[PDB]
>>> print(open('structure_22.txt').read())   # compact mmCIF, N, CA and C atoms and all ligand atoms
# COMPACT_ATOMS: atom_id res chain seq x y z
N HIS T 33 -63.50 -33.61 8.95
CA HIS T 33 -62.34 -34.23 9.65
C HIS T 33 -61.15 -34.46 8.70
N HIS T 34 -59.95 -34.16 9.20
CA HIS T 34 -58.78 -33.90 8.36
C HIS T 34 -57.83 -35.10 8.26
N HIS T 35 -58.22 -36.23 8.83
CA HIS T 35 -57.48 -37.49 8.65
C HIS T 35 -58.02 -38.12 7.35
N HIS T 36 -57.20 -38.12 6.30
CA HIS T 36 -57.61 -38.62 4.98
C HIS T 36 -56.99 -40.00 4.61
N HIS T 37 -56.37 -40.68 5.59
CA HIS T 37 -55.79 -42.03 5.41
C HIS T 37 -54.78 -42.20 4.25
N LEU T 38 -53.98 -41.15 4.02
CA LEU T 38 -52.85 -41.17 3.10
C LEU T 38 -51.63 -41.88 3.73
N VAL T 39 -51.70 -42.13 5.04
CA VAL T 39 -50.78 -43.04 5.76
C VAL T 39 -51.63 -43.89 6.74
N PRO T 40 -51.15 -45.05 7.21
CA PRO T 40 -49.89 -45.70 6.80
C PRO T 40 -49.93 -46.23 5.37
N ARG T 41 -48.75 -46.58 4.84
CA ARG T 41 -48.61 -46.98 3.43
C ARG T 41 -48.51 -48.49 3.27
N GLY T 42 -48.66 -48.93 2.02
CA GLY T 42 -48.40 -50.31 1.63
C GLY T 42 -46.92 -50.65 1.68
N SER T 43 -46.63 -51.89 1.34
CA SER T 43 -45.27 -52.39 1.38
C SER T 43 -45.23 -53.78 0.75
N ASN T 44 -44.01 -54.21 0.46
CA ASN T 44 -43.76 -55.61 0.10
C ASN T 44 -43.58 -56.42 1.37
N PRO T 45 -43.97 -57.71 1.35
CA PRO T 45 -43.75 -58.50 2.54
C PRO T 45 -42.28 -58.81 2.66
N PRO T 46 -41.87 -59.27 3.84
CA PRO T 46 -40.52 -59.80 3.95
C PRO T 46 -40.34 -60.97 2.97
N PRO T 47 -39.18 -61.07 2.32
CA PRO T 47 -39.03 -62.11 1.33
C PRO T 47 -38.86 -63.47 1.99
N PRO T 48 -39.02 -64.56 1.21
CA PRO T 48 -38.82 -65.88 1.81
C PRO T 48 -37.40 -66.05 2.38
N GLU T 49 -37.27 -66.84 3.44
CA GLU T 49 -35.96 -67.06 4.06
C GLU T 49 -35.04 -67.82 3.10
N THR T 50 -33.75 -67.49 3.14
CA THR T 50 -32.73 -68.22 2.42
C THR T 50 -31.69 -68.91 3.31
N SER T 51 -31.84 -68.75 4.63
CA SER T 51 -31.04 -69.38 5.66
C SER T 51 -31.98 -69.84 6.77
N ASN T 52 -31.63 -70.94 7.39
CA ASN T 52 -32.35 -71.43 8.56
C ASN T 52 -31.42 -72.43 9.25
N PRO T 53 -30.68 -71.98 10.28
CA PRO T 53 -29.68 -72.87 10.89
C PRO T 53 -30.21 -74.18 11.43
N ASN T 54 -31.41 -74.19 12.01
CA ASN T 54 -32.00 -75.44 12.52
C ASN T 54 -32.74 -76.31 11.50
N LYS T 55 -32.85 -75.85 10.26
CA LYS T 55 -33.45 -76.66 9.22
C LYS T 55 -32.47 -77.78 8.83
N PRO T 56 -32.98 -79.01 8.65
CA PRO T 56 -32.09 -80.06 8.12
C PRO T 56 -31.66 -79.78 6.68
N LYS T 57 -30.37 -80.01 6.39
CA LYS T 57 -29.78 -79.74 5.09
C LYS T 57 -28.84 -80.85 4.64
N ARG T 58 -28.72 -81.00 3.32
CA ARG T 58 -27.67 -81.85 2.71
C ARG T 58 -27.23 -81.29 1.37
N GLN T 59 -26.08 -81.81 0.93
CA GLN T 59 -25.63 -81.66 -0.44
C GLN T 59 -25.86 -83.03 -1.08
N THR T 60 -26.59 -83.04 -2.19
CA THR T 60 -26.82 -84.25 -2.96
C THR T 60 -26.42 -83.93 -4.38
N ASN T 61 -26.19 -84.98 -5.16
CA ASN T 61 -25.86 -84.84 -6.57
C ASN T 61 -27.00 -84.21 -7.36
N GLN T 62 -28.23 -84.57 -7.02
CA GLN T 62 -29.40 -83.93 -7.63
C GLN T 62 -29.48 -82.43 -7.33
N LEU T 63 -29.20 -82.02 -6.09
CA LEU T 63 -29.20 -80.60 -5.72
C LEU T 63 -28.05 -79.81 -6.39
N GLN T 64 -26.87 -80.43 -6.50
CA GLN T 64 -25.77 -79.82 -7.26
C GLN T 64 -26.14 -79.60 -8.75
N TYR T 65 -26.76 -80.60 -9.36
CA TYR T 65 -27.28 -80.49 -10.73
C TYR T 65 -28.35 -79.41 -10.85
N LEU T 66 -29.28 -79.38 -9.90
CA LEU T 66 -30.28 -78.30 -9.85
C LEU T 66 -29.69 -76.90 -9.82
N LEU T 67 -28.55 -76.72 -9.16
CA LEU T 67 -27.88 -75.43 -9.18
C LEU T 67 -27.10 -75.24 -10.49
N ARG T 68 -26.20 -76.17 -10.78
CA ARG T 68 -25.24 -76.03 -11.89
C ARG T 68 -25.89 -76.05 -13.26
N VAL T 69 -26.92 -76.88 -13.41
CA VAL T 69 -27.55 -77.08 -14.68
C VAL T 69 -28.91 -76.41 -14.75
N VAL T 70 -29.85 -76.76 -13.88
CA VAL T 70 -31.24 -76.33 -14.06
C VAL T 70 -31.41 -74.82 -13.81
N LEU T 71 -31.03 -74.37 -12.62
CA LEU T 71 -31.14 -72.97 -12.26
C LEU T 71 -30.30 -72.10 -13.20
N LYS T 72 -29.03 -72.45 -13.40
CA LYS T 72 -28.17 -71.57 -14.17
C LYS T 72 -28.50 -71.48 -15.65
N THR T 73 -29.11 -72.50 -16.23
CA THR T 73 -29.58 -72.39 -17.61
C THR T 73 -30.89 -71.56 -17.68
N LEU T 74 -31.85 -71.80 -16.79
CA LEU T 74 -33.03 -70.93 -16.71
C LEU T 74 -32.67 -69.46 -16.44
N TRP T 75 -31.66 -69.23 -15.61
CA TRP T 75 -31.30 -67.88 -15.16
C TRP T 75 -30.83 -67.02 -16.32
N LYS T 76 -30.13 -67.63 -17.26
CA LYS T 76 -29.63 -66.94 -18.47
C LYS T 76 -30.68 -66.68 -19.55
N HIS T 77 -31.86 -67.29 -19.45
CA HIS T 77 -32.90 -67.13 -20.48
C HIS T 77 -33.44 -65.69 -20.46
N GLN T 78 -33.73 -65.14 -21.63
CA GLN T 78 -34.32 -63.78 -21.76
C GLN T 78 -35.72 -63.59 -21.10
N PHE T 79 -36.39 -64.68 -20.72
CA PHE T 79 -37.68 -64.64 -20.03
C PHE T 79 -37.52 -64.82 -18.51
N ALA T 80 -36.27 -64.95 -18.05
CA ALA T 80 -35.99 -65.17 -16.63
C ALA T 80 -36.19 -63.96 -15.76
N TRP T 81 -35.94 -62.75 -16.29
CA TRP T 81 -35.86 -61.56 -15.42
C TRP T 81 -37.03 -61.23 -14.49
N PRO T 82 -38.30 -61.45 -14.92
CA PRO T 82 -39.39 -61.22 -13.95
C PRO T 82 -39.37 -62.14 -12.72
N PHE T 83 -38.63 -63.25 -12.82
CA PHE T 83 -38.60 -64.30 -11.82
C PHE T 83 -37.32 -64.32 -11.00
N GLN T 84 -36.39 -63.40 -11.29
CA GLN T 84 -35.07 -63.40 -10.65
C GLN T 84 -35.00 -62.78 -9.25
N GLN T 85 -36.11 -62.23 -8.76
CA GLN T 85 -36.20 -61.68 -7.42
C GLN T 85 -37.65 -61.71 -6.95
N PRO T 86 -37.87 -61.50 -5.64
CA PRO T 86 -39.27 -61.50 -5.21
C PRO T 86 -40.08 -60.41 -5.90
N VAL T 87 -41.38 -60.64 -6.07
CA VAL T 87 -42.21 -59.68 -6.75
C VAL T 87 -42.25 -58.39 -5.93
N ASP T 88 -41.84 -57.30 -6.59
CA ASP T 88 -41.93 -55.94 -6.01
C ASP T 88 -43.26 -55.35 -6.44
N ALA T 89 -44.28 -55.64 -5.64
CA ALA T 89 -45.63 -55.22 -5.90
C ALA T 89 -45.78 -53.68 -5.91
N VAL T 90 -44.94 -52.99 -5.14
CA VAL T 90 -44.89 -51.52 -5.13
C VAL T 90 -44.40 -50.99 -6.48
N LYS T 91 -43.20 -51.40 -6.88
CA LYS T 91 -42.59 -50.91 -8.15
C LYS T 91 -43.43 -51.27 -9.37
N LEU T 92 -43.93 -52.50 -9.38
CA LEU T 92 -44.70 -53.00 -10.50
C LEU T 92 -46.16 -52.56 -10.50
N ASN T 93 -46.60 -51.85 -9.46
CA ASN T 93 -47.99 -51.43 -9.33
C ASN T 93 -48.97 -52.62 -9.46
N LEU T 94 -48.73 -53.63 -8.63
CA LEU T 94 -49.56 -54.83 -8.53
C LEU T 94 -50.03 -54.91 -7.08
N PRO T 95 -50.81 -53.91 -6.63
CA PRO T 95 -51.08 -53.81 -5.19
C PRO T 95 -51.89 -54.96 -4.62
N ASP T 96 -52.59 -55.68 -5.49
CA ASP T 96 -53.31 -56.89 -5.10
C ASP T 96 -52.45 -58.18 -5.10
N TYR T 97 -51.15 -58.08 -5.40
CA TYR T 97 -50.34 -59.29 -5.64
C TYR T 97 -50.30 -60.16 -4.41
N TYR T 98 -49.92 -59.57 -3.29
CA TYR T 98 -49.84 -60.29 -2.03
C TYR T 98 -51.18 -60.41 -1.28
N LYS T 99 -52.24 -59.81 -1.81
CA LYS T 99 -53.61 -60.16 -1.37
C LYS T 99 -53.99 -61.54 -1.93
N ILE T 100 -53.48 -61.85 -3.12
CA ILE T 100 -53.82 -63.10 -3.83
C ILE T 100 -52.78 -64.21 -3.62
N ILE T 101 -51.50 -63.86 -3.67
CA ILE T 101 -50.38 -64.79 -3.51
C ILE T 101 -49.86 -64.77 -2.09
N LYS T 102 -50.16 -65.84 -1.33
CA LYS T 102 -49.74 -65.99 0.06
C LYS T 102 -48.47 -66.84 0.26
N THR T 103 -48.03 -67.57 -0.77
CA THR T 103 -46.79 -68.33 -0.70
C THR T 103 -45.87 -67.91 -1.85
N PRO T 104 -45.32 -66.69 -1.80
CA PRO T 104 -44.49 -66.25 -2.91
C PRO T 104 -43.20 -67.06 -3.07
N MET T 105 -42.73 -67.17 -4.30
CA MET T 105 -41.43 -67.78 -4.54
C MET T 105 -40.87 -67.26 -5.83
N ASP T 106 -39.54 -67.21 -5.92
CA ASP T 106 -38.85 -66.66 -7.08
C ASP T 106 -37.51 -67.34 -7.24
N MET T 107 -36.88 -67.20 -8.40
CA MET T 107 -35.63 -67.91 -8.67
C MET T 107 -34.44 -67.32 -7.95
N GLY T 108 -34.52 -66.04 -7.57
CA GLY T 108 -33.46 -65.42 -6.76
C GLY T 108 -33.39 -66.10 -5.41
N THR T 109 -34.56 -66.24 -4.78
CA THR T 109 -34.68 -66.99 -3.54
C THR T 109 -34.19 -68.42 -3.69
N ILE T 110 -34.59 -69.09 -4.77
CA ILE T 110 -34.16 -70.45 -5.03
C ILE T 110 -32.63 -70.51 -5.24
N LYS T 111 -32.11 -69.59 -6.03
CA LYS T 111 -30.65 -69.53 -6.25
C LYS T 111 -29.86 -69.37 -4.93
N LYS T 112 -30.31 -68.47 -4.06
CA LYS T 112 -29.66 -68.29 -2.78
C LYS T 112 -29.78 -69.52 -1.87
N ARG T 113 -30.94 -70.16 -1.89
CA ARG T 113 -31.15 -71.41 -1.15
C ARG T 113 -30.18 -72.52 -1.60
N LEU T 114 -30.03 -72.70 -2.90
CA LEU T 114 -29.06 -73.65 -3.43
C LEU T 114 -27.61 -73.29 -3.06
N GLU T 115 -27.25 -72.03 -3.23
CA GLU T 115 -25.91 -71.54 -2.83
C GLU T 115 -25.64 -71.71 -1.32
N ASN T 116 -26.68 -71.52 -0.50
CA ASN T 116 -26.58 -71.70 0.96
C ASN T 116 -26.80 -73.13 1.45
N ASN T 117 -26.94 -74.08 0.54
CA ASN T 117 -27.16 -75.48 0.89
C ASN T 117 -28.37 -75.65 1.81
N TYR T 118 -29.40 -74.84 1.56
CA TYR T 118 -30.63 -74.79 2.39
C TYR T 118 -31.50 -76.05 2.36
N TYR T 119 -31.44 -76.78 1.24
CA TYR T 119 -32.34 -77.90 1.01
C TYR T 119 -31.84 -79.23 1.58
N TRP T 120 -32.79 -80.08 1.95
CA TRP T 120 -32.53 -81.46 2.33
C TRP T 120 -32.49 -82.40 1.12
N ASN T 121 -33.33 -82.13 0.13
CA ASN T 121 -33.39 -82.97 -1.05
C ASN T 121 -33.82 -82.19 -2.28
N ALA T 122 -33.78 -82.85 -3.42
CA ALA T 122 -34.21 -82.25 -4.66
C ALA T 122 -35.69 -81.84 -4.64
N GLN T 123 -36.53 -82.62 -3.97
CA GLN T 123 -37.96 -82.36 -3.95
C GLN T 123 -38.27 -81.00 -3.37
N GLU T 124 -37.59 -80.62 -2.30
CA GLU T 124 -37.82 -79.32 -1.69
C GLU T 124 -37.50 -78.20 -2.68
N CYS T 125 -36.42 -78.34 -3.45
CA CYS T 125 -36.06 -77.31 -4.42
C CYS T 125 -37.06 -77.26 -5.57
N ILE T 126 -37.44 -78.42 -6.06
CA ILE T 126 -38.38 -78.54 -7.15
C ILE T 126 -39.75 -77.95 -6.77
N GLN T 127 -40.20 -78.19 -5.54
CA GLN T 127 -41.45 -77.63 -5.08
C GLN T 127 -41.40 -76.10 -5.07
N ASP T 128 -40.25 -75.52 -4.73
CA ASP T 128 -40.11 -74.06 -4.86
C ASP T 128 -40.33 -73.59 -6.30
N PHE T 129 -39.72 -74.27 -7.27
CA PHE T 129 -39.94 -73.94 -8.69
C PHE T 129 -41.42 -74.07 -9.05
N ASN T 130 -42.05 -75.18 -8.63
CA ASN T 130 -43.49 -75.39 -8.87
C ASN T 130 -44.37 -74.27 -8.29
N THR T 131 -44.03 -73.83 -7.08
CA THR T 131 -44.73 -72.75 -6.41
C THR T 131 -44.61 -71.45 -7.21
N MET T 132 -43.39 -71.11 -7.61
CA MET T 132 -43.14 -69.93 -8.44
C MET T 132 -44.02 -69.93 -9.68
N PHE T 133 -44.03 -71.05 -10.42
CA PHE T 133 -44.80 -71.12 -11.67
C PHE T 133 -46.30 -71.05 -11.39
N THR T 134 -46.75 -71.83 -10.41
CA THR T 134 -48.15 -71.79 -9.97
C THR T 134 -48.65 -70.40 -9.56
N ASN T 135 -47.86 -69.66 -8.78
CA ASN T 135 -48.20 -68.26 -8.43
C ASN T 135 -48.45 -67.41 -9.67
N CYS T 136 -47.57 -67.55 -10.65
CA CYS T 136 -47.68 -66.80 -11.90
C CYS T 136 -49.00 -67.11 -12.60
N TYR T 137 -49.37 -68.39 -12.64
CA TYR T 137 -50.61 -68.79 -13.33
C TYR T 137 -51.86 -68.45 -12.56
N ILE T 138 -51.80 -68.51 -11.23
CA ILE T 138 -52.91 -68.04 -10.38
C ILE T 138 -53.17 -66.54 -10.55
N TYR T 139 -52.12 -65.73 -10.45
CA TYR T 139 -52.28 -64.28 -10.43
C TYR T 139 -52.71 -63.73 -11.79
N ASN T 140 -52.21 -64.34 -12.87
CA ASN T 140 -52.34 -63.77 -14.20
C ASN T 140 -53.36 -64.53 -15.08
N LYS T 141 -53.49 -64.15 -16.35
CA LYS T 141 -54.40 -64.85 -17.27
C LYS T 141 -53.65 -65.51 -18.42
N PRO T 142 -54.24 -66.60 -18.99
CA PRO T 142 -53.63 -67.19 -20.20
C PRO T 142 -53.48 -66.14 -21.31
N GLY T 143 -52.31 -66.09 -21.92
CA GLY T 143 -52.03 -65.12 -22.96
C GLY T 143 -51.29 -63.89 -22.52
N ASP T 144 -51.31 -63.57 -21.22
CA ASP T 144 -50.51 -62.46 -20.71
C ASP T 144 -49.03 -62.71 -20.96
N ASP T 145 -48.26 -61.66 -21.19
CA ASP T 145 -46.82 -61.79 -21.44
C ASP T 145 -46.13 -62.61 -20.35
N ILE T 146 -46.44 -62.29 -19.09
CA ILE T 146 -45.81 -62.97 -17.97
C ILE T 146 -46.12 -64.47 -17.99
N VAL T 147 -47.33 -64.84 -18.40
CA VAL T 147 -47.71 -66.26 -18.48
C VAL T 147 -46.97 -66.96 -19.62
N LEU T 148 -46.84 -66.28 -20.74
CA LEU T 148 -46.08 -66.84 -21.85
C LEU T 148 -44.63 -67.10 -21.46
N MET T 149 -44.05 -66.18 -20.70
CA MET T 149 -42.69 -66.30 -20.16
C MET T 149 -42.55 -67.48 -19.20
N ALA T 150 -43.49 -67.57 -18.25
CA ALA T 150 -43.53 -68.70 -17.32
C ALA T 150 -43.70 -70.06 -18.04
N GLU T 151 -44.60 -70.16 -19.02
CA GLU T 151 -44.78 -71.39 -19.82
C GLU T 151 -43.51 -71.85 -20.49
N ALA T 152 -42.81 -70.92 -21.13
CA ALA T 152 -41.54 -71.22 -21.78
C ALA T 152 -40.49 -71.73 -20.80
N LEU T 153 -40.31 -71.02 -19.69
CA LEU T 153 -39.38 -71.43 -18.64
C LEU T 153 -39.79 -72.75 -17.99
N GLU T 154 -41.09 -72.99 -17.85
CA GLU T 154 -41.58 -74.23 -17.27
C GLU T 154 -41.31 -75.41 -18.19
N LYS T 155 -41.56 -75.23 -19.48
CA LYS T 155 -41.23 -76.24 -20.47
C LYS T 155 -39.75 -76.62 -20.40
N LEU T 156 -38.87 -75.63 -20.29
CA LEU T 156 -37.43 -75.88 -20.19
C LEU T 156 -37.03 -76.60 -18.87
N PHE T 157 -37.55 -76.07 -17.76
CA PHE T 157 -37.43 -76.68 -16.47
C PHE T 157 -37.76 -78.17 -16.54
N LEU T 158 -38.93 -78.51 -17.08
CA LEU T 158 -39.36 -79.92 -17.17
C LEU T 158 -38.42 -80.78 -18.02
N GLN T 159 -37.90 -80.21 -19.11
CA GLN T 159 -36.90 -80.90 -19.94
C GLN T 159 -35.64 -81.19 -19.16
N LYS T 160 -35.13 -80.20 -18.42
CA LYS T 160 -33.91 -80.36 -17.64
C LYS T 160 -34.13 -81.30 -16.45
N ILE T 161 -35.32 -81.27 -15.85
CA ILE T 161 -35.69 -82.21 -14.78
C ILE T 161 -35.62 -83.68 -15.24
N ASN T 162 -36.02 -83.96 -16.48
CA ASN T 162 -35.87 -85.31 -17.03
C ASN T 162 -34.43 -85.83 -17.23
N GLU T 163 -33.43 -84.97 -17.10
CA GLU T 163 -32.01 -85.40 -17.18
C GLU T 163 -31.37 -85.44 -15.79
N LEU T 164 -32.19 -85.39 -14.74
CA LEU T 164 -31.70 -85.39 -13.36
C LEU T 164 -31.00 -86.73 -13.08
N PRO T 165 -29.87 -86.73 -12.34
CA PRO T 165 -29.24 -88.02 -11.98
C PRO T 165 -30.13 -88.91 -11.10
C1 LIG M 201 -44.12 -59.07 -18.61
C2 LIG M 201 -43.26 -58.37 -17.59
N1 LIG M 201 -44.15 -57.35 -16.98
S1 LIG M 201 -43.63 -56.66 -15.44
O1 LIG M 201 -42.12 -56.32 -15.37
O2 LIG M 201 -44.53 -55.44 -15.18
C3 LIG M 201 -43.96 -58.03 -14.28
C4 LIG M 201 -42.86 -58.63 -13.65
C5 LIG M 201 -43.06 -59.73 -12.79
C6 LIG M 201 -44.30 -60.20 -12.57
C7 LIG M 201 -45.35 -59.63 -13.20
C8 LIG M 201 -46.48 -60.25 -12.85
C9 LIG M 201 -47.64 -59.82 -13.38
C10 LIG M 201 -47.65 -58.73 -14.28
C11 LIG M 201 -46.44 -58.09 -14.61
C12 LIG M 201 -45.26 -58.57 -14.05
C13 LIG M 201 -46.10 -61.25 -12.02
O3 LIG M 201 -46.82 -62.15 -11.59
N2 LIG M 201 -44.77 -61.22 -11.85
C14 LIG M 201 -43.96 -62.17 -11.13
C15 LIG M 201 -43.57 -63.33 -12.05
>>> encode(input="structure_22.txt", output="structure tokens", more="lines below")
Ligand SMILES: CCNS(=O)(=O)c1ccc2c3c(cccc13)C(=O)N2CC
Amino acid sequence: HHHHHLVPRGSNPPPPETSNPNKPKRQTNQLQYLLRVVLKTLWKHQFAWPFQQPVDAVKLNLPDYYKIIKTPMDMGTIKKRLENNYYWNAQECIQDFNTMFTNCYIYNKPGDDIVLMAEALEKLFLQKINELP
């Protein structure tokens, strides 16, 4: 039989939403600081690039990524959420950062390059979080 299951193909999931008109939203001083200070300083770091967009499991050849990670998050998504005033409070934004870092540690092993990158960025994140208004 000549059906060899070379189709249908894999794919990346739809990325997390960055707009939601019926979601409650505010601008707070903490959320402005999270954009202006926390996100933008992390974004410029040389270890930021793996985290600047949703994981492209196809390009990166990580076909098990979304088998393991069911709540993906990345700083590109977070950056757009802050720019779109998506959040109600600082906690919602911070939980996105926590999710991103947690996904990295779940999927990978201690000592992997990606984990070392996440640890460094997390250490910085936590330092900047302590200067929150
Ligand atoms: C160390 C960078 N390696 S990569 O560009 O192949 C990559 C980018 C983003 C990743 C990963 C992950 C695992 C392994 C490699 C890798 C991963 O969890 N992410 C999202 C932070």
>>> residues_near_ligand(input="structure_22.txt", ligand="ligand LIG 201 (chain M)", cutoff="6 Å", atoms="only N, CA and C atoms and all ligand atoms", output="number ranges by chain")
T: 82-83, 87, 92, 135-136, 139-140, 145-146
>>> atom_distance(input="structure_22.txt", atom1="atom C of residue 84 of chain T", atom2="atom C of residue 96 of chain T")
18.5 Å
>>> residues_around(input="structure_22.txt", residues="segment 64-74 of chain T", least_positions_apart="5", cutoff="6.5 Å", atoms="all atoms listed in the file", output="ChimeraX atom specification")
/T:59,80,114,160
>>> closest_residue(input="structure_22.txt", among="T:49, T:35, T:162, T:57", to="residue 119 of chain T", atoms="all atoms listed in the file")
T:57
>>> closest_residue(input="structure_22.txt", among="T:90, T:54, T:61, T:37", to="residue 164 of chain T", atoms="only N, CA and C atoms")
T:61
>>> closest_residue(input="structure_22.txt", among="T:129, T:79, T:157, T:137", to="residue 108 of chain T", atoms="only C-alpha atoms")
T:129
>>> closest_residue(input="structure_22.txt", among="T:76, T:106, T:117, T:161", to="residue 51 of chain T", atoms="all atoms listed in the file")
T:117
>>> closest_residue(input="structure_22.txt", among="T:121, T:109, T:159, T:78", to="residue 56 of chain T", atoms="all atoms listed in the file")
T:121
>>> closest_residue(input="structure_22.txt", among="T:89, T:153, T:42, T:53", to="residue 130 of chain T", atoms="only C-alpha atoms")
T:153
>>> select_by_dssp(input="structure_22.txt", residues="chain T", states="alpha helix (DSSP H)", output="PyMOL selection string")
chain T and resi 61-65+72-76+97-100+107-115+122-139+145-161
>>> atom_distance(input="structure_22.txt", atom1="atom CA of residue 58 of chain T", atom2="atom CA of residue 122 of chain T")
9.9 Å
